[PDB]
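# Structural description and commentary
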Amino acid sequence: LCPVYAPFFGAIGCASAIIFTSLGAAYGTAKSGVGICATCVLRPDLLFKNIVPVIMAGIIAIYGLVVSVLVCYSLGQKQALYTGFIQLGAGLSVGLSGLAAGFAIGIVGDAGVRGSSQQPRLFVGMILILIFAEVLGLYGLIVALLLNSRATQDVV
Amino acid sequence: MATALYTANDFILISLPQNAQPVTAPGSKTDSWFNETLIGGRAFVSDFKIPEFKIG
């Protein structure tokens, strides 16, 4: 009921919470940085206005960090296999959804900062689409927190 | 701004009727408006008035 190979799933859930959110945040930072460093050569005044897709990418990695710390502080040697399965699910829920949120933030941020220098009114539309792209990772954060709140609830 | 760099004084030339009134600030004269109201009061307004020549 609480076997020896049970914290393997918890360690993979602690790893995958930060690994895939860092992959998503790294795709978002790379795409948005290629966008910024190609649109702020000619328009350097709106450089610090365009760093918002990179911040939205970094909040995804913060979401992964929080879940990985909370799964890390619930590991144990003699824990249940249910706890390991819930921690694996909570790691994957935030990781493979923050990866998708990072893909969306990178694509929207590149396409928005390459066209926001031409049209100044497109910035409040880019922020609005990136809010919907960052709520995609906030949903995985909520699912991971609700899973990890029940990892040790009625456990023998 | 950040879609254009300026670091040197820029000018806009306007001419308006001398009976005009701004509707962005009703109760003002155009001359009084330029100095006080216009871009946070930081507008420098300069004379540029010229008289009549001879028109064919």
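Residues numbered from 1 in each chain as written, not as in the entry; some residues may be left out. Chains lettered and ligands numbered in written order. Part of a larger assembly, values for the part shown. Heavy atoms only, no water. Residues with missing side-chain atoms left out of burial classes, pairs and counts.

Method information in the entry identifies cryo-EM as the source of the structure, with 8.7 Å recorded as the resolution.

### Examining the overall build of chain B
The helix and strand inventory of chain B stands at 1 helix and 0 strands. Taken over the C-alpha trace, chain B has a radius of gyration of 15 Å; the compact-globule value for 56 residues is 10 Å, which it surpasses by more than 25%. Its C-alpha atoms give chain B principal-axis dimensions of roughly 45 × 30 × 15 Å. (Helix = DSSP H or I, 4+ residues; strand = E, 2+ residues; numbered from the N terminus. Rg over C-alpha atoms; globule rule 2.2 N^0.38 Å.)

### Quick word on the overall build of chain A
Check the secondary structure of chain A and you find 4 helices and 0 strands. What you see in chain A, going N to C, is helices and strands ordered as α-α-α-α. Each principal axis of the C-alpha atoms in chain A carries an extent, and together these give about 65 × 20 × 20 Å. At a minimum sequence separation of 6, the contacts of chain A that also span at least 24 residues come to 94%. (Contact = heavy atoms within 4.5 Å.)

### Quick notes on helix α1 (residues 6-39) of chain A
The first and last C-alpha atoms of α1 of chain A sit 50 Å apart over 34 residues, in line with the 50 Å expected at 1.5 Å per residue. A maximum bend of about 25 degrees is found in α1 of chain A at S16 of chain A. (Expected span 1.5 Å × (residues − 1). Bend = angle between axes of the 7 residues up to and from the residue.)

### Examining the UniProt feature "transmembrane region" in chain A
The UniProt record annotates "transmembrane region" at residues 6-28, 51-71, 88-109 and 122-147 of chain A. Along residues 88-109 of chain A, the helical share is 100% and the strand share 0%, with 31 Å between the first and last C-alpha atoms. (UniProt positions renumbered as here; feature names shortened; annotations may be inferred.)

### Details of unusual backbone geometry
The residue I39 of chain B is not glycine, and still its phi comes out positive at about 20 degrees. You can see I39 of chain B is positioned in the segment after α1 (30-36).

### Quick word on the packing of helix α3 (residues 81-113) of chain A against helix α4 (residues 123-148) of chain A
The angle between the axes and the distance between the axes are what describe a pair of packed helices. Residues and elements named next belong to chain A. One can describe the packing of α3 onto α4 by two numbers: an axis separation of 8 Å at closest approach and a directional angle of 175 degrees. Here α3 is positioned roughly antiparallel relative to α4, judged by the angle of their axes. The residues of α4 that touch α3, namely those facing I86, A90, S93, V94, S97, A101, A104 and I105, are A133, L136, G137, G140, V143, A144, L147 and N148. Of the residues in the contact of α3 with α4, the class split is 11 nonpolar, 5 polar and no charged. (Axes fitted to C-alpha atoms, helices over the stretch in contact; angles between N-to-C directions. Parallel < 35°, antiparallel > 145°, perpendicular 65-115°, else oblique. Nonpolar A, V, L, I, M, F, W, Y, C, P; charged D, E, K, R; others polar.)

### Looking at the environment of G24 of chain A
For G24 of chain A, the position within the fold is in helix α1. In this view, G24 of chain A contacts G98, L99, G102 and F103 of chain A; residues no more than four positions away in its chain are not counted.

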